[PDB]
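Student: This is the structure I want to talk about, given as structure tokens.
Coordinate-derived values only; no laboratory data. Quick reminder, even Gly has a Cβ in these numbers, built from the backbone with ideal geometry, and neighbours come from all protein chains shown.
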Ligand code: HEM
Ligand SMILES: C[C@]12CCC(=O)C=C1CC[C@@H]1[C@@H]2CC[C@]2(C)C(=O)CC[C@@H]12
């Protein structure tokens, strides 16, 4: 492929500035499965020499379905940490369901599904609709500001608070922890320590479990979460369901600003297809990885036991063989077989319907209260090699 020597698709230096869209396109054309070498000390906490870059939608789906071969446990699924991270600090992440394999995963997912029934999620609708309307009304009243802080941040957090039934008075500290929980190497957040925050959040969760959806999770059925498993569950929600949905909202609104005919159409009909096009466009999770438990032949490439494969959802969601005009933002996109929520399989995002609800509610409220919003200046991108994040974005709400 035509790429610079030493190029690394997980390099946080790239994501601080841009998405490497041209480079992913080059792989899909010239080398759709490509060994991405990493030199010593430059592997984002991994010291195995590199990973297979997976750029095609059908390959990502194949990996995701074959969790019997492609493990989330052996190396976790986050493909990029600070270069100096201790191995122990990666391995401790195996205590969240996301980074477990069957049968352990199977048991926890079965229990935790009690929190994501369409009944549990559907019950949040009216409180989240109310919140979304008030958020959008207060942003409009401010006239201008940081869209991320004023519009994108709060509703995901309130969706988590509401699912868990957190008392109103505790939501401030919960949101504080939650916002320091996902690791990044951004200089704006160099003072944050996800370790301290995670200990404190687990402590708060376990006390909540002691004092008692939380009920359904900790009451025996005799399967239940232990108090510590409930703590780990709450940490996982903070990493899985916060900045993900937030970045879908920011990048969805960036796409509307860049595609005004789509925003006009959205404002009229609020179509059913919008939320998934927003998620495909935004691809909040750029990439998650797996580790081969045995040799496996994938589209003619001989993947070897113990090797990492990185599923670039950001490539796969723009796969020209699957999506007509993939670089066109189309809120009526159909079909839309995107992998923003992952490939179908054991680990497929359990919060996907909650995320869609959150997106629809906030975008309805934005259309209602700020139909003429326009950007003032450029989005500020997060320095992360796996999260596709916007830290700030100044906009004129009127
Ligand atoms: C637009 C927003 C979101 C995006 C893009 C997103 C994306 C993802 C992806 C890519 C995965 C891994 C799938 C796989 O490995 O096959 C995942 C898993 C997960 N997500 Fe989401 N997610 C979002 C919102 C949420 C929300 C709102 C919640 C809950 C509050 C949530 C909870 C989870 C959990 C608990 C898992 C782990 C599932 C497992 O390992 O079995 N996510 N998500
Ligand atoms: C918050 C965290 C780090 C930053 C990041 O990006 C992802 C995670 C999720 C798993 C956490 C971990 C911090 C340490 C935790 C709390 C444990 O001791 C068990 C699970 C693990």
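Student: Any idea which residue in segment 1-56 is nearest to the chain's Cα centre (by Cα), counting only those that are within 20 Å of residue 281 (Cβ to Cβ) and surrounded by fewer than 12 Cβ atoms within 10 Å (Cβ to Cβ)?
Tutor: The extreme case among them is 18.
Student: Could you check, for segment 316-328, whether at least one of its residues is over 30 Å from residue 111 (Cα atoms) and touching a strand residue (DSSP E or B) at 6+ places or on another chain (Cβ under 8 Å)? It would help to see each step written out before you state the result.
Tutor: Within segment 316-328, the subset over 30 Å from residue 111 (Cα atoms) is 316-328.
If we keep only those that are touching a strand residue (DSSP E or B) at 6+ places or on another chain (Cβ under 8 Å) too, we end up with 316.
Yes, segment 316-328 has at least one match.
Student: Right, another one. Quick one: would you say residue 210 is over 21 Å from residue 115 (Cβ atoms) and away from ligand 1 (no atom under 16 Å from the Cβ)?
Tutor: Numbers: over 21 Å from residue 115 (Cβ atoms): no; away from ligand 1 (no atom under 16 Å from the Cβ): yes.
Spelling it out, it is not the case that residue 210 is over 21 Å from residue 115 (Cβ atoms) and away from ligand 1 (no atom under 16 Å from the Cβ).
Student: While we're looking at this one, here's another question. Run residue 237 past the list (1) in a loop (DSSP other than H, G, I, E, B); (2) within 16 Å of ligand 2 (Cβ to nearest atom) and report the number of the one that doesn't hold.
Tutor: Condition not satisfied by residue 237: (1).
Student: Next question. Take segment 227-247 and flag every residue that is touching a strand residue (DSSP E or B) at 6+ places or on another chain (Cβ under 7 Å) and either more than 8 Å from ligand 1 (Cβ to nearest atom) or farther than 17 Å from residue 348 by Cα (or both).
Tutor: Hits for segment 227-247 are 243, 247.
Student: Select from segment 268-315 the residues that are over 16 Å from residue 36 (Cβ atoms), part of a strand (DSSP E or B) and within 10 Å of ligand 1 (Cβ to nearest atom) and list them in ascending order.
Tutor: Listed by number, the list holds a single entry, 285.
Student: To continue, here is another question. Of everything in segment 110-136, what is within 22 Å of residue 71 (Cβ to Cβ) and away from ligand 2 (no atom under 16 Å from the Cβ)? Give them in sequence order.
Tutor: 110, 111, 113
Student: Take segment 1-58 and flag every residue that is assigned to a helix (DSSP H, G or I), closer than 25 Å to residue 70 by Cα and in contact with a strand residue (DSSP E or B) (Cβ under 8 Å, 6 or more places away or on another chain).
Tutor: 24, 27, listed by residue number.
Student: Take residue 224 and tell me if it is in a helix (DSSP H, G or I), surrounded by fewer than 21 Cβ atoms within 10 Å (Cβ to Cβ) and more than 16 Å from ligand 1 (Cβ to nearest atom).
Tutor: No, not satisfied.
Conditions (1) in contact with a helix residue (DSSP H, G or I) (Cβ under 6 Å, 6 or more places away or on another chain); (2) over 25 Å from residue 252 (Cβ atoms), marked per residue:
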{"position": "141", "(1), (2)": "no, no"}
{"position": "152", "(1), (2)": "yes, no"}
{"position": "158", "(1), (2)": "yes, no"}
{"position": "193", "(1), (2)": "no, yes"}
{"position": "209", "(1), (2)": "yes, yes"}
{"position": "213", "(1), (2)": "yes, yes"}
{"position": "223", "(1), (2)": "yes, yes"}
